[PDB]
Amino acid sequence: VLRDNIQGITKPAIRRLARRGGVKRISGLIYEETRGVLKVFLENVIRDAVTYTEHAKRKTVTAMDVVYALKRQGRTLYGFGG
Amino acid sequence: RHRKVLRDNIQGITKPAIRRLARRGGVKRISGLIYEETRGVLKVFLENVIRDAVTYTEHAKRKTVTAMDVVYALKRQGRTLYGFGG
Amino acid sequence: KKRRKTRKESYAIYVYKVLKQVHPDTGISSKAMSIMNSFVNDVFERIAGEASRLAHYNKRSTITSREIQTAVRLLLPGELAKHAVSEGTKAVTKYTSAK
Amino acid sequence: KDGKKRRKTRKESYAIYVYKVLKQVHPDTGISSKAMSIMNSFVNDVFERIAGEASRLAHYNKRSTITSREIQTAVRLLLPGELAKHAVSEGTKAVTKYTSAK
Amino acid sequence: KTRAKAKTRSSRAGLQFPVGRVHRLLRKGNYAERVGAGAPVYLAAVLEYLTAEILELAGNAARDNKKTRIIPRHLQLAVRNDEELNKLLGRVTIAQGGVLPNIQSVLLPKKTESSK
Amino acid sequence: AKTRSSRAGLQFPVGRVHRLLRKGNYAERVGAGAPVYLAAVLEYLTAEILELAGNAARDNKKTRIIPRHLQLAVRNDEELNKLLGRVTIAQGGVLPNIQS
Amino acid sequence: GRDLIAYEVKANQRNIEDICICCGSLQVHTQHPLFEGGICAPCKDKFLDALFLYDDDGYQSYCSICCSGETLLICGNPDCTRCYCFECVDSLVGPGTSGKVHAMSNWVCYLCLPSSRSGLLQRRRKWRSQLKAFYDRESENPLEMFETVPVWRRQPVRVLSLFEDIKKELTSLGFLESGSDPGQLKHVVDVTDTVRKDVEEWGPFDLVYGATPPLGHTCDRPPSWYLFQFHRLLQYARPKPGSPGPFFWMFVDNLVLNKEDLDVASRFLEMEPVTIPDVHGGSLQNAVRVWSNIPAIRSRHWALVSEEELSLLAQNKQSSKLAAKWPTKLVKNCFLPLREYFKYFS
Ligand SMILES: [Zn+2]
Ligand SMILES: [Zn+2]
Ligand SMILES: [Zn+2]
């Protein structure tokens, strides 16, 4: 229950994302690999996104903390800050 | 006026120079068409860095390109160089 | 409502007028409006931070149109920088010798 | 005695401080001037990184003061892994020493 | 007191983006001690040209899609089809954009006929 | 006259870091503990690289740290490699790493 | 040895044909095409190649007379395309004159001046036919060579533009006079009902230009149609056989015809296409194929330009179609050798 939310990313979700990415054929070992990489890509953001929330003395992680954590890593996201 | 236009200095990057840079890069075997592509990529890289550095010299109202303008041009392109003053 | 009074600035009322000057009938959504707002803030902070570095390099405690000009010549690629420097110079020259 | 022949502006550095730290960690190892320029550029680079990150951390919360907390959050963001977990302990120990040294 | 027409600095420059707002955001952001008079005029002109170029390409992308309202798909197609705007916004994600409809020429089946 | 460097038990100059914070247009005000904390952080990051460069010098049978020793000190440790991933050290070369 | 070739003629009383005027050499293979004198074999080979080569930067990439790279000056009268090096001018007419020539952009060149005897230069009467014989002896390829049109016996250009307008281009290029509309260019959008009688009524034509649609596929008509009609009206507009009259043509394709249609066009126009790339803004921008009989147009293609990269650019342009302007500026340059054939409006 508190361990299988990495498997909440399903096989058709990675299938649809690789169809958007223009991949014609996917092997059976992609789905274990990508769930690793995506998980790492969340950590490197959330480790930063909690940390701004630490410095603001809040408990809510706002959209501005996500925008600042992505802007720090050179992945500037548009359409969430006023 | 009194300045001969330098030309064909991309061939100054010799074949054993790209050979030695491939030895340091760990490459065991180099094809014959590597050398023109490597000259082209080095030319585009120097175009970008000197395009920044000459503009740093322009705004400073000088006519001499310094090592600090090279370090600023590289630190702007996310390639921070040490040993010349940050 | 006197305690519920906090007006966050934006660039919606300006990007809307520039859009009506370019396309007199085309509209725009609010999500695309927030993307254009974040774009204006992004390019603003890029040129301001780059010009601040270009002032600090030459030991000058003043930003004028020259630092913004060379920051535009650094940050914008290709012909886009040339057209932006032309438009900026034309607007400054029109601004100085006006009524 | 000869003095003030060529007026040159004294360019500051960190060379004697890196020399002191090197004599504290290696009592017999020397260092070249090229490597000293590299260590000087490293100290300038990491100083600019932590100061700029603390400037953004101050501007995000609408505060115009950089205290040790902004530098601590900048260190926790910039230094990966155990480097932050030791540098925060070293900085907090230094600030605790500095506050209660009177 | 003062008896003169309240003419804003935007209108004297022939621009649309606010000179005063850009000027106080330069004075607020801690960029330098002093801020010149021509600098917010020049920066407002640069921002207004960079806004007008993307809105012109987005209005062309909207007209192609038979729509009279720019959605973030139109901004995505407007920026990514242009090469200088793609160089400017390379490390930039636009929300609700997607990607360009660009399929490689090796994943398609050969729809050809043998000449022999 | 007791300097703020020895008042906090540090080595990097607290006063120079203080005036470089006040000069760099970072914020309007600069706290009292901030240059002490930043001098401590810079001193730890200097001491770790000088320790690894001294170990690389001792392995190379040399008592002077050359830029090759700073190259081997930064590239071998993975946290310092993550810190300086987009940083070229001059007179450094690369790691002697051959693919299998 | 460049101050010696001005000494071999005056003092030794030697023939100009017996010294290579290009690099100063004493060995002479042939006689120089433009002026009286001899040319050594390597300079001869390179000189022919230089004429074929087309440069965006200047009228001539390398020097006309001696084929040097640098020291390029521009002709004063804007109705002339000749360019000579500084060393030719210094060596032949005298030192410290090249600087004077380069100093102004309104200095009448050697071919525009009433007298062609400068002091060590001799012109040739009806030189173009001799020039064709020069191409015939060694150039190994008899490229389409119409007689050159003298400045004194010059005609107003009569232009027929099919499926694409070039009046802006030619006006910028100085082929059409602005302010006055006698109608020396007729733009004809629809030609399905054009007849020989119509063309005869429209007045005799000297240059007929056609071009493919721009990359946004404005019209729903197959692109080969432009080629085939261009060929038809072209043949109609050709002067009566056995008449000393110039007839130039140019069909331009912005990668809208596939390899089938490309071979078809190459067969009818009886030559291989000319692929031109545009200034890189990082990788590659756009490219264009051109058929024509205008001098130094076939050598304009650059061997570096690959087919597969061109196919990829074509498929990224056709499907995307962001810009939809006919590349008038891309095909603007190619008319530049034609400058010596018709009158220029500054
Ligand atoms: Zn010769
Ligand atoms: Zn002339
Ligand atoms: Zn010459």
# chains A, B, ... in the order shown; residues from 1 in each chain; ligands from 1
$ residues_near_ligand --ligand "ligand 1" --cutoff "7 Å" --atoms "only C-alpha atoms and all ligand atoms" --output "ChimeraX atom specification"
/G:20-25,39-40,42-43
$ write_last_selection --atoms "C-alpha atoms" --output "compact mmCIF listing (two decimals), in the first residue's frame"
# COMPACT_ATOMS: atom_id res chain seq x y z
CA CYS G 20 51.75 35.28 -68.23
CA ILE G 21 50.09 38.52 -66.99
CA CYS G 22 48.44 36.61 -64.06
CA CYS G 23 51.31 35.46 -61.76
CA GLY G 24 54.11 37.22 -63.72
CA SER G 25 55.34 33.88 -65.22
CA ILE G 39 48.29 32.86 -69.67
CA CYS G 40 50.26 29.98 -68.07
CA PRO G 42 47.53 26.44 -64.04
CA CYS G 43 46.30 30.09 -63.98
$ residues_near_ligand --ligand "ligand 2" --cutoff "7 Å" --atoms "only C-alpha atoms and all ligand atoms" --output "number ranges by chain"
G: 75-77, 79-82, 108-112
$ write_last_selection --atoms "N, CA, C and O atoms" --output "CSV table (one decimal), in the first residue's frame"
chain,number,residue,atom,x,y,z
G,75,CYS,N,33.2,48.1,-59.1
G,75,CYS,CA,33.1,48.9,-60.3
G,75,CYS,C,32.2,50.1,-60.1
G,75,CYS,O,31.1,50.0,-59.5
G,76,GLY,N,32.7,51.3,-60.5
G,76,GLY,CA,32.0,52.6,-60.3
G,76,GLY,C,30.6,52.6,-60.8
G,76,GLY,O,29.6,52.7,-60.1
G,77,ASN,N,30.5,52.6,-62.2
G,77,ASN,CA,29.2,52.6,-62.8
G,77,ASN,C,28.4,51.4,-62.4
G,77,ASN,O,29.0,50.3,-62.6
G,79,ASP,N,26.2,49.6,-63.7
G,79,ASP,CA,25.7,48.7,-64.8
G,79,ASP,C,26.8,47.8,-65.2
G,79,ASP,O,26.6,47.2,-66.3
G,80,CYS,N,27.8,47.7,-64.4
G,80,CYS,CA,29.0,46.8,-64.8
G,80,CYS,C,29.3,45.9,-63.6
G,80,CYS,O,29.3,46.4,-62.4
G,81,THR,N,29.7,44.6,-63.8
G,81,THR,CA,30.0,43.6,-62.8
G,81,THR,C,31.5,43.2,-62.7
G,81,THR,O,31.8,42.3,-61.9
G,82,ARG,N,32.4,43.9,-63.4
G,82,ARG,CA,33.8,43.5,-63.5
G,82,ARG,C,34.5,43.9,-62.1
G,82,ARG,O,34.1,44.9,-61.6
G,108,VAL,N,34.8,54.9,-62.7
G,108,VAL,CA,34.5,54.2,-64.0
G,108,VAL,C,35.6,53.1,-64.3
G,108,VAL,O,36.8,53.5,-64.4
G,109,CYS,N,35.2,51.9,-64.4
G,109,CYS,CA,36.1,50.7,-64.6
G,109,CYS,C,36.6,50.8,-66.1
G,109,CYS,O,36.2,51.7,-66.8
G,110,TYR,N,37.5,49.8,-66.4
G,110,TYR,CA,38.2,49.8,-67.7
G,110,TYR,C,37.2,49.5,-68.9
G,110,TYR,O,37.5,50.1,-70.0
G,111,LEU,N,36.1,48.8,-68.7
G,111,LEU,CA,35.2,48.4,-69.8
G,111,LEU,C,34.1,49.5,-70.0
G,111,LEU,O,33.6,49.6,-71.1
G,112,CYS,N,33.9,50.3,-69.0
G,112,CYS,CA,32.8,51.4,-69.1
G,112,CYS,C,33.4,52.7,-69.7
G,112,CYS,O,32.6,53.5,-70.1
$ residues_near_ligand --ligand "ligand 3" --cutoff "8 Å" --atoms "only C-alpha atoms and all ligand atoms" --output "PDB file with N, CA and C atoms, in the first residue's frame"
ATOM      1  N   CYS G  22      49.089  36.968 -65.341  1.00  0.00           N
ATOM      2  CA  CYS G  22      48.441  36.611 -64.057  1.00  0.00           C
ATOM      3  C   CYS G  22      49.451  36.635 -62.910  1.00  0.00           C
ATOM      4  N   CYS G  63      39.734  37.072 -58.130  1.00  0.00           N
ATOM      5  CA  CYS G  63      39.962  38.183 -59.081  1.00  0.00           C
ATOM      6  C   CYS G  63      39.737  37.707 -60.514  1.00  0.00           C
ATOM      7  N   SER G  64      39.243  38.611 -61.358  1.00  0.00           N
ATOM      8  CA  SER G  64      39.005  38.323 -62.786  1.00  0.00           C
ATOM      9  C   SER G  64      40.334  38.008 -63.474  1.00  0.00           C
ATOM     10  N   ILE G  65      41.237  38.988 -63.562  1.00  0.00           N
ATOM     11  CA  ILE G  65      42.418  38.905 -64.462  1.00  0.00           C
ATOM     12  C   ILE G  65      43.396  37.838 -63.962  1.00  0.00           C
ATOM     13  N   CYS G  66      43.918  37.985 -62.743  1.00  0.00           N
ATOM     14  CA  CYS G  66      45.015  37.128 -62.236  1.00  0.00           C
ATOM     15  C   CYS G  66      44.505  36.009 -61.325  1.00  0.00           C
ATOM     16  N   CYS G  67      43.234  36.067 -60.918  1.00  0.00           N
ATOM     17  CA  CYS G  67      42.576  35.091 -60.012  1.00  0.00           C
ATOM     18  C   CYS G  67      43.296  35.029 -58.665  1.00  0.00           C
ATOM     19  N   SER G  68      43.272  36.164 -57.972  1.00  0.00           N
ATOM     20  CA  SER G  68      43.697  36.328 -56.569  1.00  0.00           C
ATOM     21  C   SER G  68      42.449  36.406 -55.692  1.00  0.00           C
ATOM     22  N   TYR G  84      38.568  43.603 -60.401  1.00  0.00           N
ATOM     23  CA  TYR G  84      40.004  43.349 -60.630  1.00  0.00           C
ATOM     24  C   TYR G  84      40.735  43.483 -59.300  1.00  0.00           C
ATOM     25  N   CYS G  85      41.899  42.848 -59.188  1.00  0.00           N
ATOM     26  CA  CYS G  85      42.709  42.948 -57.958  1.00  0.00           C
ATOM     27  C   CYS G  85      43.504  44.251 -57.968  1.00  0.00           C
ATOM     28  N   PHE G  86      44.098  44.569 -56.820  1.00  0.00           N
ATOM     29  CA  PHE G  86      44.940  45.776 -56.629  1.00  0.00           C
ATOM     30  C   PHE G  86      46.292  45.559 -57.312  1.00  0.00           C
ATOM     31  N   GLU G  87      46.803  44.325 -57.272  1.00  0.00           N
ATOM     32  CA  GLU G  87      48.130  43.977 -57.836  1.00  0.00           C
ATOM     33  C   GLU G  87      48.129  44.048 -59.367  1.00  0.00           C
ATOM     34  N   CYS G  88      47.029  43.676 -60.030  1.00  0.00           N
ATOM     35  CA  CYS G  88      46.898  43.826 -61.499  1.00  0.00           C
ATOM     36  C   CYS G  88      46.992  45.304 -61.876  1.00  0.00           C
ATOM     37  N   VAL G  89      46.233  46.153 -61.180  1.00  0.00           N
ATOM     38  CA  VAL G  89      46.167  47.611 -61.459  1.00  0.00           C
ATOM     39  C   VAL G  89      47.550  48.230 -61.236  1.00  0.00           C
TER      40      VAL G  89
END
$ interface_residues --of "chain E" --to "chain A" --cutoff "6 Å" --atoms "only C-alpha atoms" --output "ChimeraX atom specification"
/E:91-95
$ write_last_selection --atoms "C-alpha atoms" --output "short mmCIF file (atom, residue, chain, number, x, y, z; two decimals), in the first residue's frame"
data_model
loop_
_atom_site.label_atom_id
_atom_site.label_comp_id
_atom_site.auth_asym_id
_atom_site.auth_seq_id
_atom_site.Cartn_x
_atom_site.Cartn_y
_atom_site.Cartn_z
CA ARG E 91 15.91 24.83 -21.85
CA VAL E 92 12.30 26.04 -21.33
CA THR E 93 9.15 23.89 -20.95
CA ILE E 94 5.78 25.46 -21.90
CA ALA E 95 2.84 23.90 -20.00
#
$ residues_around --residues "stretch 3-7 of chain A" --least-positions-apart "6" --cutoff "10 Å" --atoms "only C-alpha atoms" --output "JSON, numbers by chain"
{"A": [31, 32, 35, 36, 38, 39]}
$ closest_residue --among "A:66, A:54, A:27, A:59" --to "chain D" --atoms "only C-alpha atoms"
A:54
$ closest_atom_pairs --of "chain D" --to "chain C" --cutoff "12 Å" --atoms "only C-alpha atoms" --output "CSV"
residue,atom,partner,partner_atom,distance
D:48,CA,C:53,CA,11.4
D:52,CA,C:49,CA,10.7
D:55,CA,C:49,CA,12.0
D:56,CA,C:45,CA,11.5
$ write_last_selection --atoms "C-alpha atoms" --output "compact mmCIF listing (two decimals), in the first residue's frame"
# COMPACT_ATOMS: atom_id res chain seq x y z
CA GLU D 48 29.32 33.78 -6.21
CA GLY D 52 23.57 34.54 -5.71
CA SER D 55 20.11 36.62 -2.97
CA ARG D 56 17.35 34.66 -4.80
$ interface_residues --of "chain G" --to "chain E" --cutoff "8 Å" --atoms "only C-alpha atoms" --output "number ranges by chain"
G: 316, 320, 322
$ write_last_selection --atoms "N, CA, C and O atoms" --output "compact mmCIF listing (two decimals), in the first residue's frame"
# COMPACT_ATOMS: atom_id res chain seq x y z
N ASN G 316 11.05 18.68 -43.51
CA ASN G 316 10.81 19.49 -42.29
C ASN G 316 10.16 20.82 -42.67
O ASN G 316 9.44 21.38 -41.84
N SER G 320 6.11 21.40 -41.88
CA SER G 320 6.02 22.52 -40.91
C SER G 320 5.41 23.75 -41.58
O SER G 320 4.41 24.29 -41.07
N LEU G 322 6.40 26.96 -41.82
CA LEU G 322 6.28 28.15 -40.96
C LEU G 322 6.31 29.41 -41.83
O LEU G 322 5.32 30.16 -41.83
$ residues_around --residues "residue D:75" --least-positions-apart "4" --cutoff "9 Å" --atoms "only C-alpha atoms" --output "VMD selection string"
(chain D and resid 50 53 to 54 70 to 71 79 to 80 83 to 84 87 to 88) or (chain F and resid 38 41)
$ residues_around --residues "residue B:32" --least-positions-apart "5" --cutoff "12 Å" --atoms "only C-alpha atoms" --output "number ranges by chain"
B: 15, 18-19, 37-38
$ write_last_selection --atoms "C-alpha atoms" --output "PDB file, in the first residue's frame"
ATOM      1  CA  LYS B  15      45.349  15.333 -38.547  1.00  0.00           C
ATOM      2  CA  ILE B  18      42.742  15.477 -33.813  1.00  0.00           C
ATOM      3  CA  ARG B  19      44.440  12.032 -33.490  1.00  0.00           C
ATOM      4  CA  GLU B  37      33.580  17.133 -38.973  1.00  0.00           C
ATOM      5  CA  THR B  38      35.916  17.819 -35.984  1.00  0.00           C
TER       6      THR B  38
END
$ residues_around --residues "residue D:98" --least-positions-apart "4" --cutoff "10 Å" --atoms "only C-alpha atoms" --output "count of residues only"
15
$ select_by_dssp --residues "chain E" --states "strand (DSSP E or B)" --output "PDB file with C-alpha atoms, in the first residue's frame"
ATOM      1  CA  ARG E  34      21.892  53.626  -9.936  1.00  0.00           C
ATOM      2  CA  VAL E  35      19.527  52.970 -12.895  1.00  0.00           C
ATOM      3  CA  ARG E  69      -7.979  32.372 -29.730  1.00  0.00           C
ATOM      4  CA  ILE E  70      -4.341  31.500 -28.919  1.00  0.00           C
ATOM      5  CA  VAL E  92      12.301  26.044 -21.326  1.00  0.00           C
ATOM      6  CA  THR E  93       9.153  23.891 -20.949  1.00  0.00           C
ATOM      7  CA  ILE E  94       5.782  25.463 -21.904  1.00  0.00           C
TER       8      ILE E  94
END
